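Enquirer: This is the content of run07.pdb (PDB, C-alpha atoms):
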```
ATOM      1  CA  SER A  96     106.332  56.433 109.342  1.00  0.00           C
ATOM      2  CA  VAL A  97     105.642  60.090 110.092  1.00  0.00           C
ATOM      3  CA  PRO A  98     107.937  63.135 110.077  1.00  0.00           C
ATOM      4  CA  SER A  99     108.284  64.875 113.442  1.00  0.00           C
ATOM      5  CA  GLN A 100     106.503  68.218 113.745  1.00  0.00           C
ATOM      6  CA  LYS A 101     107.902  69.262 117.128  1.00  0.00           C
ATOM      7  CA  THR A 102     108.940  72.914 117.276  1.00  0.00           C
ATOM      8  CA  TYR A 103     112.676  73.094 117.990  1.00  0.00           C
ATOM      9  CA  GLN A 104     114.708  76.281 117.948  1.00  0.00           C
ATOM     10  CA  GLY A 105     118.004  74.446 118.430  1.00  0.00           C
ATOM     11  CA  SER A 106     121.424  76.048 118.872  1.00  0.00           C
ATOM     12  CA  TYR A 107     120.814  78.831 116.396  1.00  0.00           C
ATOM     13  CA  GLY A 108     117.413  79.971 117.727  1.00  0.00           C
ATOM     14  CA  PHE A 109     115.659  79.069 114.466  1.00  0.00           C
ATOM     15  CA  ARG A 110     112.027  80.093 113.931  1.00  0.00           C
ATOM     16  CA  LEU A 111     109.761  81.296 111.124  1.00  0.00           C
ATOM     17  CA  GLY A 112     108.185  84.703 110.540  1.00  0.00           C
ATOM     18  CA  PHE A 113     105.311  85.855 108.371  1.00  0.00           C
ATOM     19  CA  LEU A 114     104.385  89.198 106.833  1.00  0.00           C
ATOM     20  CA  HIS A 115     101.283  91.055 107.932  1.00  0.00           C
ATOM     21  CA  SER A 116      99.254  91.043 104.757  1.00  0.00           C
ATOM     22  CA  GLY A 117      95.760  91.667 106.093  1.00  0.00           C
ATOM     23  CA  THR A 118      92.484  90.028 105.114  1.00  0.00           C
ATOM     24  CA  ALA A 119      91.260  92.096 102.171  1.00  0.00           C
ATOM     25  CA  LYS A 120      89.220  90.125  99.646  1.00  0.00           C
ATOM     26  CA  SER A 121      92.051  90.698  97.142  1.00  0.00           C
ATOM     27  CA  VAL A 122      94.914  89.335  99.272  1.00  0.00           C
ATOM     28  CA  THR A 123      96.763  86.374  97.724  1.00  0.00           C
ATOM     29  CA  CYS A 124      98.630  85.161 100.798  1.00  0.00           C
ATOM     30  CA  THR A 125      97.919  85.885 104.445  1.00  0.00           C
ATOM     31  CA  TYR A 126      99.041  84.366 107.743  1.00  0.00           C
ATOM     32  CA  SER A 127      96.966  83.889 110.893  1.00  0.00           C
ATOM     33  CA  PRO A 128      99.039  83.810 114.097  1.00  0.00           C
ATOM     34  CA  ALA A 129      95.986  82.836 116.144  1.00  0.00           C
ATOM     35  CA  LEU A 130      95.521  79.715 114.005  1.00  0.00           C
ATOM     36  CA  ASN A 131      99.222  79.288 113.013  1.00  0.00           C
ATOM     37  CA  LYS A 132      97.856  78.925 109.524  1.00  0.00           C
ATOM     38  CA  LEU A 133      98.808  80.439 106.160  1.00  0.00           C
ATOM     39  CA  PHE A 134      96.014  80.984 103.617  1.00  0.00           C
ATOM     40  CA  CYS A 135      97.057  81.429  99.985  1.00  0.00           C
ATOM     41  CA  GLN A 136      95.860  81.257  96.407  1.00  0.00           C
ATOM     42  CA  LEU A 137      96.955  78.498  94.055  1.00  0.00           C
ATOM     43  CA  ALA A 138     100.619  78.776  92.972  1.00  0.00           C
ATOM     44  CA  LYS A 139     101.013  82.344  94.302  1.00  0.00           C
ATOM     45  CA  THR A 140     104.143  83.620  96.025  1.00  0.00           C
ATOM     46  CA  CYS A 141     104.176  82.864  99.773  1.00  0.00           C
ATOM     47  CA  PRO A 142     107.005  84.665 101.562  1.00  0.00           C
ATOM     48  CA  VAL A 143     108.227  82.811 104.645  1.00  0.00           C
ATOM     49  CA  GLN A 144     110.887  84.401 106.825  1.00  0.00           C
ATOM     50  CA  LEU A 145     113.723  82.530 108.520  1.00  0.00           C
ATOM     51  CA  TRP A 146     114.949  84.071 111.786  1.00  0.00           C
ATOM     52  CA  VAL A 147     117.982  82.952 113.750  1.00  0.00           C
ATOM     53  CA  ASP A 148     119.780  84.256 116.824  1.00  0.00           C
ATOM     54  CA  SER A 149     123.154  83.271 115.370  1.00  0.00           C
ATOM     55  CA  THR A 150     124.325  82.288 111.915  1.00  0.00           C
ATOM     56  CA  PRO A 151     124.474  78.533 111.315  1.00  0.00           C
ATOM     57  CA  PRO A 152     127.449  76.976 109.494  1.00  0.00           C
ATOM     58  CA  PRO A 153     128.121  77.183 105.741  1.00  0.00           C
ATOM     59  CA  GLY A 154     126.348  74.234 104.127  1.00  0.00           C
ATOM     60  CA  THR A 155     123.254  74.563 106.322  1.00  0.00           C
ATOM     61  CA  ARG A 156     120.029  73.884 104.374  1.00  0.00           C
ATOM     62  CA  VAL A 157     116.311  74.574 104.764  1.00  0.00           C
ATOM     63  CA  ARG A 158     113.800  71.872 103.854  1.00  0.00           C
ATOM     64  CA  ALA A 159     110.027  72.119 103.414  1.00  0.00           C
ATOM     65  CA  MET A 160     107.702  69.074 103.553  1.00  0.00           C
ATOM     66  CA  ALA A 161     103.928  68.693 103.850  1.00  0.00           C
ATOM     67  CA  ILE A 162     102.090  66.132 105.956  1.00  0.00           C
ATOM     68  CA  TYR A 163      98.397  65.619 106.589  1.00  0.00           C
ATOM     69  CA  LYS A 164      97.461  67.196 109.884  1.00  0.00           C
ATOM     70  CA  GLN A 165      94.921  64.559 110.937  1.00  0.00           C
ATOM     71  CA  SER A 166      96.526  61.486 112.572  1.00  0.00           C
ATOM     72  CA  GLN A 167      94.401  59.059 110.582  1.00  0.00           C
ATOM     73  CA  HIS A 168      95.875  60.475 107.336  1.00  0.00           C
ATOM     74  CA  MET A 169      99.400  61.215 108.479  1.00  0.00           C
ATOM     75  CA  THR A 170     101.051  58.184 106.872  1.00  0.00           C
ATOM     76  CA  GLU A 171      99.710  59.154 103.450  1.00  0.00           C
ATOM     77  CA  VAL A 172     102.164  61.021 101.246  1.00  0.00           C
ATOM     78  CA  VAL A 173     100.923  64.546 100.470  1.00  0.00           C
ATOM     79  CA  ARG A 174     101.056  64.997  96.681  1.00  0.00           C
ATOM     80  CA  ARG A 175      99.386  66.882  93.859  1.00  0.00           C
ATOM     81  CA  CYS A 176      96.042  65.593  92.617  1.00  0.00           C
ATOM     82  CA  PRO A 177      95.587  63.535  89.448  1.00  0.00           C
ATOM     83  CA  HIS A 178      94.691  66.692  87.467  1.00  0.00           C
ATOM     84  CA  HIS A 179      97.441  69.017  88.617  1.00  0.00           C
ATOM     85  CA  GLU A 180     100.212  66.450  88.358  1.00  0.00           C
ATOM     86  CA  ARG A 181      99.395  66.259  84.631  1.00  0.00           C
ATOM     87  CA  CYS A 182      98.877  69.955  83.787  1.00  0.00           C
ATOM     88  CA  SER A 183     102.460  70.528  82.533  1.00  0.00           C
ATOM     89  CA  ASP A 184     102.996  73.625  84.685  1.00  0.00           C
ATOM     90  CA  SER A 185     106.514  72.579  85.642  1.00  0.00           C
ATOM     91  CA  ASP A 186     109.109  75.285  86.241  1.00  0.00           C
ATOM     92  CA  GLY A 187     111.782  72.956  84.900  1.00  0.00           C
ATOM     93  CA  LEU A 188     113.047  71.959  88.364  1.00  0.00           C
ATOM     94  CA  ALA A 189     110.097  70.830  90.463  1.00  0.00           C
ATOM     95  CA  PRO A 190     108.682  67.385  89.658  1.00  0.00           C
ATOM     96  CA  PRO A 191     105.044  67.756  88.565  1.00  0.00           C
ATOM     97  CA  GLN A 192     103.925  65.629  91.551  1.00  0.00           C
ATOM     98  CA  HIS A 193     105.331  67.971  94.246  1.00  0.00           C
ATOM     99  CA  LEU A 194     102.904  70.188  96.148  1.00  0.00           C
ATOM    100  CA  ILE A 195     105.568  72.551  97.423  1.00  0.00           C
ATOM    101  CA  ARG A 196     107.848  74.541  95.159  1.00  0.00           C
ATOM    102  CA  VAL A 197     110.507  77.086  95.894  1.00  0.00           C
ATOM    103  CA  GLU A 198     110.231  80.090  93.625  1.00  0.00           C
ATOM    104  CA  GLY A 199     113.229  81.888  92.106  1.00  0.00           C
ATOM    105  CA  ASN A 200     116.066  79.824  93.585  1.00  0.00           C
ATOM    106  CA  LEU A 201     118.183  77.908  91.086  1.00  0.00           C
ATOM    107  CA  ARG A 202     119.826  75.943  93.895  1.00  0.00           C
ATOM    108  CA  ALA A 203     116.528  74.404  95.020  1.00  0.00           C
ATOM    109  CA  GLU A 204     116.628  70.612  95.109  1.00  0.00           C
ATOM    110  CA  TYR A 205     113.582  68.362  95.071  1.00  0.00           C
ATOM    111  CA  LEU A 206     113.641  65.051  96.889  1.00  0.00           C
ATOM    112  CA  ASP A 207     111.528  61.952  96.412  1.00  0.00           C
ATOM    113  CA  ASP A 208     112.504  60.004  99.512  1.00  0.00           C
ATOM    114  CA  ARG A 209     113.628  56.524  98.446  1.00  0.00           C
ATOM    115  CA  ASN A 210     112.238  54.984 101.637  1.00  0.00           C
ATOM    116  CA  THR A 211     109.147  56.996 102.631  1.00  0.00           C
ATOM    117  CA  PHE A 212     108.285  58.273  99.137  1.00  0.00           C
ATOM    118  CA  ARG A 213     107.572  61.665 100.689  1.00  0.00           C
ATOM    119  CA  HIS A 214     108.346  64.843  98.756  1.00  0.00           C
ATOM    120  CA  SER A 215     110.382  67.793  99.918  1.00  0.00           C
ATOM    121  CA  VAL A 216     112.180  70.816  98.571  1.00  0.00           C
ATOM    122  CA  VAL A 217     115.438  72.024 100.077  1.00  0.00           C
ATOM    123  CA  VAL A 218     117.546  75.150  99.573  1.00  0.00           C
ATOM    124  CA  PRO A 219     120.841  76.393 100.981  1.00  0.00           C
ATOM    125  CA  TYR A 220     120.402  78.666 103.999  1.00  0.00           C
ATOM    126  CA  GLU A 221     121.676  82.150 103.123  1.00  0.00           C
ATOM    127  CA  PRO A 222     122.399  84.625 105.930  1.00  0.00           C
ATOM    128  CA  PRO A 223     120.456  87.895 105.728  1.00  0.00           C
ATOM    129  CA  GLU A 224     121.799  90.456 103.249  1.00  0.00           C
ATOM    130  CA  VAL A 225     123.164  93.855 104.221  1.00  0.00           C
ATOM    131  CA  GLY A 226     120.666  95.905 106.193  1.00  0.00           C
ATOM    132  CA  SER A 227     118.395  92.893 106.479  1.00  0.00           C
ATOM    133  CA  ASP A 228     117.498  91.000 109.668  1.00  0.00           C
ATOM    134  CA  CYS A 229     116.082  87.769 108.220  1.00  0.00           C
ATOM    135  CA  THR A 230     116.125  85.631 105.117  1.00  0.00           C
ATOM    136  CA  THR A 231     113.005  85.016 103.072  1.00  0.00           C
ATOM    137  CA  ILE A 232     112.099  81.972 101.023  1.00  0.00           C
ATOM    138  CA  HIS A 233     109.294  82.259  98.478  1.00  0.00           C
ATOM    139  CA  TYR A 234     107.126  79.116  98.405  1.00  0.00           C
ATOM    140  CA  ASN A 235     104.372  78.114  95.992  1.00  0.00           C
ATOM    141  CA  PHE A 236     101.689  75.569  96.843  1.00  0.00           C
ATOM    142  CA  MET A 237     100.529  73.866  93.703  1.00  0.00           C
ATOM    143  CA  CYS A 238      97.128  72.305  94.511  1.00  0.00           C
ATOM    144  CA  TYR A 239      93.964  73.563  96.230  1.00  0.00           C
ATOM    145  CA  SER A 240      93.123  72.085  99.622  1.00  0.00           C
ATOM    146  CA  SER A 241      89.916  70.948  97.953  1.00  0.00           C
ATOM    147  CA  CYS A 242      91.508  69.087  95.014  1.00  0.00           C
ATOM    148  CA  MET A 243      89.749  65.762  94.526  1.00  0.00           C
ATOM    149  CA  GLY A 244      91.982  62.686  94.550  1.00  0.00           C
ATOM    150  CA  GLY A 245      94.674  64.842  96.155  1.00  0.00           C
ATOM    151  CA  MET A 246      94.366  66.728  99.430  1.00  0.00           C
ATOM    152  CA  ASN A 247      90.617  66.277  99.100  1.00  0.00           C
ATOM    153  CA  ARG A 248      89.722  68.932 101.739  1.00  0.00           C
ATOM    154  CA  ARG A 249      92.118  67.419 104.313  1.00  0.00           C
ATOM    155  CA  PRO A 250      94.200  69.963 106.269  1.00  0.00           C
ATOM    156  CA  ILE A 251      97.965  69.848 105.877  1.00  0.00           C
ATOM    157  CA  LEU A 252     100.891  71.114 107.904  1.00  0.00           C
ATOM    158  CA  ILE A 253     104.090  72.423 106.339  1.00  0.00           C
ATOM    159  CA  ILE A 254     107.208  71.448 108.256  1.00  0.00           C
ATOM    160  CA  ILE A 255     110.293  73.604 107.811  1.00  0.00           C
ATOM    161  CA  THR A 256     113.558  72.077 108.983  1.00  0.00           C
ATOM    162  CA  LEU A 257     116.945  73.712 109.349  1.00  0.00           C
ATOM    163  CA  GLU A 258     119.455  70.934 108.633  1.00  0.00           C
ATOM    164  CA  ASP A 259     123.230  70.538 108.504  1.00  0.00           C
ATOM    165  CA  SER A 260     125.015  69.466 105.313  1.00  0.00           C
ATOM    166  CA  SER A 261     124.360  65.765 106.083  1.00  0.00           C
ATOM    167  CA  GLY A 262     120.662  66.408 106.663  1.00  0.00           C
ATOM    168  CA  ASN A 263     120.793  66.200 110.460  1.00  0.00           C
ATOM    169  CA  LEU A 264     118.265  68.300 112.402  1.00  0.00           C
ATOM    170  CA  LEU A 265     119.346  71.763 113.584  1.00  0.00           C
ATOM    171  CA  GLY A 266     115.922  73.351 114.000  1.00  0.00           C
ATOM    172  CA  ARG A 267     112.235  72.859 113.177  1.00  0.00           C
ATOM    173  CA  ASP A 268     109.076  74.961 112.877  1.00  0.00           C
ATOM    174  CA  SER A 269     105.731  74.415 111.176  1.00  0.00           C
ATOM    175  CA  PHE A 270     102.478  76.022 110.054  1.00  0.00           C
ATOM    176  CA  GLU A 271      99.173  74.821 108.664  1.00  0.00           C
ATOM    177  CA  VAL A 272      98.374  75.900 105.115  1.00  0.00           C
ATOM    178  CA  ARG A 273      95.094  76.208 103.254  1.00  0.00           C
ATOM    179  CA  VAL A 274      95.236  76.785  99.516  1.00  0.00           C
ATOM    180  CA  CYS A 275      91.988  78.410  98.462  1.00  0.00           C
ATOM    181  CA  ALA A 276      90.292  80.924  96.182  1.00  0.00           C
ATOM    182  CA  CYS A 277      89.820  83.682  98.785  1.00  0.00           C
ATOM    183  CA  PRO A 278      92.460  83.569 101.541  1.00  0.00           C
ATOM    184  CA  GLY A 279      91.311  86.902 103.036  1.00  0.00           C
ATOM    185  CA  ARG A 280      87.740  85.721 103.561  1.00  0.00           C
ATOM    186  CA  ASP A 281      88.707  82.235 104.747  1.00  0.00           C
ATOM    187  CA  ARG A 282      91.160  83.656 107.281  1.00  0.00           C
ATOM    188  CA  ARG A 283      88.494  86.057 108.585  1.00  0.00           C
ATOM    189  CA  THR A 284      85.964  83.208 108.775  1.00  0.00           C
ATOM    190  CA  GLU A 285      88.236  80.729 110.550  1.00  0.00           C
ATOM    191  CA  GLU A 286      89.454  83.351 113.003  1.00  0.00           C
ATOM    192  CA  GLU A 287      85.837  84.212 113.807  1.00  0.00           C
ATOM    193  CA  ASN A 288      85.027  80.524 114.326  1.00  0.00           C
ATOM    194  CA  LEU A 289      88.074  80.297 116.626  1.00  0.00           C
ATOM    195  CA  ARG A 290      86.767  83.211 118.667  1.00  0.00           C
TER
END
```
Go ahead and express the file in the form of structure tokens.

Expert:
Amino acid sequence: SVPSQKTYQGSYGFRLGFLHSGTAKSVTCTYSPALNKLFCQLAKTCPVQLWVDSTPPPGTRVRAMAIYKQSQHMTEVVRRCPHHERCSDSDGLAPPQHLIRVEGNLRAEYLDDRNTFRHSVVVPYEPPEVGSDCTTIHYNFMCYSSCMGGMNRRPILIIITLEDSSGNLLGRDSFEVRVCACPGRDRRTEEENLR
């Protein structure tokens, strides 16, 4: 089967937000609203904001999962390539096979789905701190889009789900991601091509 990607704000008005990082050659992570696509370097910090209109219940969680964007590849589990899964760059929590990691959250849990074999990483939703209007999760993406035997140049979508304590859907949003050497240039290029 295939995870839903339908945008759904739900009862709490859940949606993502992204910083405005620009397209300088030196940028390590940058988001294109026109393409709904994040461009980032390998394993670098990718801040993703969570916005809500009202605070969901204690025990609410936030899950991230990757799927292939093209329909003909969508049933294939997105995973790290045969090189990266064996490079012993584990942070002690994330399984070496998982593309998506959460950085700096000791409560992050990594799931290998017993039925679909898909990977995901889930954290507790924390309401914004004092003087803050949103909550930010720092993600790392642990393979290049180009990795042979892995993503193999195929585009992927990251699905972020707000879920209750049982894992039921409360909200959903998504963005494409490209992991590449020069996110600034690739964003500029793809946006030009779009135009």

Enquirer: Using all atoms listed in the file and a cutoff of 7 Å, can you tell me which residues are near (104.3, 71.7, 100.8) in the file's coordinates, and write them out as number ranges by chain?

Expert: A: 159-161, 194-195, 236, 253

Enquirer: What is the distance between atom CA of residue A:249 and atom CA of residue A:167, in Å to one decimal?

Expert: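 We find that atom CA of residue A:249 and atom CA of residue A:167 lie 10.7 Å from each other.
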
Enquirer: Apply the PyMOL selection byres ((chain A and resi 260) around 9) to the displayed file and report the matching residues as a VMD selection string.

Expert: chain A and resid 152 to 156 258 to 259 261 to 263

Enquirer: Give me the result of the PyMOL selection byres ((chain A and resi 135) around 8) on this file, residue by residue, as a ChimeraX atom specification.

Expert: /A:123-125,133-134,136-137,139,141,272-278

Enquirer: Going by the chain IDs and residue numbers used in this file, which residues fall under the PyMOL selection byres ((chain A and resi 115) around 8)? Write them as a ChimeraX atom specification.

Expert: /A:113-114,116-117,125-126

Enquirer: With distances taken over all atoms listed in the file, which of A:216, A:169, A:265, A:130 is nearest to residue A:234?

Expert: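 Smallest separation from residue A:234 among the options: A:216.
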
Enquirer: Mind pulling up the distance from atom CA of residue A:189 to atom CA of residue A:177?

Expert: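 For atom CA of residue A:177 relative to atom CA of residue A:189, the distance reads 16.3 Å.
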
Enquirer: Quote the spacing between atom CA of residue A:190 and atom CA of residue A:157 in Å to one decimal place.

Expert: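 Between these atoms lies a distance of 18.4 Å.
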
Enquirer: Give the answer as one residue: which of A:100, A:150, A:118, A:140 has the shortest atom-to-atom distance to residue A:230, using all atoms listed in the file?

Expert: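 That would be A:150, the residue with the smallest distance to residue A:230.
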
Enquirer: Residue A:246: which residues within 8 Å, counting only C-alpha atoms, same-chain residues fewer than 6 positions away excluded, as a list in words?

Expert: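 The filter keeps residues 173, 174, 175, 176, 238, 239 and 240 of chain A.
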
Enquirer: Filtering to C-alpha atoms, could you give me those residues as a PDB file, in the coordinates of the input?

Expert:
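result_4.pdb was written with the following content:
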```pdb
ATOM      1  CA  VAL A 173     100.923  64.546 100.470  1.00  0.00           C
ATOM      2  CA  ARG A 174     101.056  64.997  96.681  1.00  0.00           C
ATOM      3  CA  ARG A 175      99.386  66.882  93.859  1.00  0.00           C
ATOM      4  CA  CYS A 176      96.042  65.593  92.617  1.00  0.00           C
ATOM      5  CA  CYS A 238      97.128  72.305  94.511  1.00  0.00           C
ATOM      6  CA  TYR A 239      93.964  73.563  96.230  1.00  0.00           C
ATOM      7  CA  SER A 240      93.123  72.085  99.622  1.00  0.00           C
TER       8      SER A 240
END
```

Enquirer: Please provide the set of residues having any atom within 12 Å of residue A:229, restricted to all atoms listed in the file, with same-chain residues fewer than 6 positions apart removed, written as number ranges by chain.

Expert: A: 109-114, 142-150, 220-223

Enquirer: Using only C-alpha atoms for the distances, tell me which of A:121, A:269, A:99, A:106 is nearest to residue A:151.

Expert: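 Going through A:121, A:269, A:99, A:106 one by one, the smallest distance to residue A:151 is for A:106.
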
Enquirer: List every protein, DNA or RNA residue with an atom no more than 12 Å from (105.5, 73.5, 86.5) in the file's coordinates, counting all atoms listed in the file, and format the result as a ChimeraX atom specification.

Expert: /A:138,175,179-198,235-238

Enquirer: Write out, as a JSON list (two decimals), keeping the file's coordinate frame, the residues just selected, with C-alpha atoms.

Expert:
```json
[["chain", "number", "residue", "atom", "x", "y", "z"],
["A", 138, "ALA", "CA", 100.62, 78.78, 92.97],
["A", 175, "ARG", "CA", 99.39, 66.88, 93.86],
["A", 179, "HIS", "CA", 97.44, 69.02, 88.62],
["A", 180, "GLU", "CA", 100.21, 66.45, 88.36],
["A", 181, "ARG", "CA", 99.40, 66.26, 84.63],
["A", 182, "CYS", "CA", 98.88, 69.96, 83.79],
["A", 183, "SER", "CA", 102.46, 70.53, 82.53],
["A", 184, "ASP", "CA", 103.00, 73.62, 84.68],
["A", 185, "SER", "CA", 106.51, 72.58, 85.64],
["A", 186, "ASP", "CA", 109.11, 75.28, 86.24],
["A", 187, "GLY", "CA", 111.78, 72.96, 84.90],
["A", 188, "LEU", "CA", 113.05, 71.96, 88.36],
["A", 189, "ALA", "CA", 110.10, 70.83, 90.46],
["A", 190, "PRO", "CA", 108.68, 67.39, 89.66],
["A", 191, "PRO", "CA", 105.04, 67.76, 88.56],
["A", 192, "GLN", "CA", 103.92, 65.63, 91.55],
["A", 193, "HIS", "CA", 105.33, 67.97, 94.25],
["A", 194, "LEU", "CA", 102.90, 70.19, 96.15],
["A", 195, "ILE", "CA", 105.57, 72.55, 97.42],
["A", 196, "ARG", "CA", 107.85, 74.54, 95.16],
["A", 197, "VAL", "CA", 110.51, 77.09, 95.89],
["A", 198, "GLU", "CA", 110.23, 80.09, 93.62],
["A", 235, "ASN", "CA", 104.37, 78.11, 95.99],
["A", 236, "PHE", "CA", 101.69, 75.57, 96.84],
["A", 237, "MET", "CA", 100.53, 73.87, 93.70],
["A", 238, "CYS", "CA", 97.13, 72.31, 94.51]]
```

Enquirer: Output as AutoDock Vina command-line options the centre and edge lengths (Å, one decimal) of the box along x, y and z of the file that holds every listed atom of stretch 257-274 of chain A after adding 4 Å on each side.

Expert:
```
--center_x 110.1 --center_y 71.3 --center_z 106.8 --size_x 37.9 --size_y 19.0 --size_z 22.5
```

Enquirer: Pick out the closest residue to residue A:231 from this set: A:107, A:97, A:218, A:207. Count all atoms listed in the file.

Expert: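 Among the listed residues, the smallest separation from residue A:231 belongs to A:218.
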
Enquirer: Would you pick out the contacts of residue A:286 at 10 Å or less, using all atoms listed in the file, so that residues sharing its chain but fewer than 4 positions from it are not included, and give the list as a short mmCIF file (atom, residue, chain, number, x, y, z; two decimals) with C-alpha atoms, in the coordinates of the input?

Expert:
```
data_model
loop_
_atom_site.label_atom_id
_atom_site.label_comp_id
_atom_site.auth_asym_id
_atom_site.auth_seq_id
_atom_site.Cartn_x
_atom_site.Cartn_y
_atom_site.Cartn_z
CA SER A 127 96.97 83.89 110.89
CA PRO A 128 99.04 83.81 114.10
CA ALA A 129 95.99 82.84 116.14
CA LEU A 130 95.52 79.72 114.00
CA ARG A 280 87.74 85.72 103.56
CA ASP A 281 88.71 82.24 104.75
CA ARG A 282 91.16 83.66 107.28
CA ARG A 290 86.77 83.21 118.67
#
```

Enquirer: Quick one: stretch 249-266 of chain A with N, CA and C atoms, as a CSV table (one decimal), in the first residue's frame?

Expert:
```csv
chain,number,residue,atom,x,y,z
A,249,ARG,N,15.5,9.4,-7.9
A,249,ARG,CA,14.0,9.5,-7.8
A,249,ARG,C,13.6,10.5,-6.8
A,250,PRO,N,12.7,11.4,-7.1
A,250,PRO,CA,12.2,12.4,-6.2
A,250,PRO,C,11.4,11.8,-5.1
A,251,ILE,N,11.5,12.3,-3.9
A,251,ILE,CA,10.7,11.8,-2.7
A,251,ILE,C,9.9,13.0,-2.1
A,252,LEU,N,8.9,12.6,-1.4
A,252,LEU,CA,8.0,13.5,-0.7
A,252,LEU,C,8.2,13.1,0.8
A,253,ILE,N,8.2,14.1,1.7
A,253,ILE,CA,8.2,13.9,3.1
A,253,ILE,C,6.8,14.2,3.6
A,254,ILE,N,6.2,13.2,4.3
A,254,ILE,CA,4.9,13.4,4.9
A,254,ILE,C,5.0,13.6,6.4
A,255,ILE,N,4.5,14.7,6.8
A,255,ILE,CA,4.5,15.0,8.3
A,255,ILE,C,3.1,14.9,8.8
A,256,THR,N,2.9,14.0,9.7
A,256,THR,CA,1.5,13.7,10.3
A,256,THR,C,1.5,14.1,11.8
A,257,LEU,N,0.4,14.8,12.2
A,257,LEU,CA,0.1,15.1,13.5
A,257,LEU,C,-0.8,13.9,14.0
A,258,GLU,N,-0.4,13.2,15.0
A,258,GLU,CA,-1.2,12.0,15.4
A,258,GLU,C,-1.6,12.1,16.9
A,259,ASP,N,-2.7,11.4,17.2
A,259,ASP,CA,-3.0,11.3,18.7
A,259,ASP,C,-2.2,10.2,19.3
A,260,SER,N,-2.4,9.9,20.6
A,260,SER,CA,-1.5,9.0,21.3
A,260,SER,C,-1.6,7.5,20.8
A,261,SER,N,-2.7,7.2,20.1
A,261,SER,CA,-2.9,5.9,19.5
A,261,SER,C,-2.4,5.8,18.0
A,262,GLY,N,-1.9,7.0,17.5
A,262,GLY,CA,-1.5,7.0,16.1
A,262,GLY,C,-2.6,7.4,15.1
A,263,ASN,N,-3.7,7.8,15.6
A,263,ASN,CA,-4.8,8.2,14.7
A,263,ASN,C,-4.5,9.6,14.1
A,264,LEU,N,-4.9,9.8,12.9
A,264,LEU,CA,-4.6,11.1,12.2
A,264,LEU,C,-5.3,12.3,12.8
A,265,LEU,N,-4.5,13.4,13.1
A,265,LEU,CA,-5.1,14.7,13.5
A,265,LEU,C,-4.8,15.7,12.4
A,266,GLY,N,-3.8,15.6,11.7
A,266,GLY,CA,-3.4,16.6,10.7
A,266,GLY,C,-2.3,16.0,9.8
```
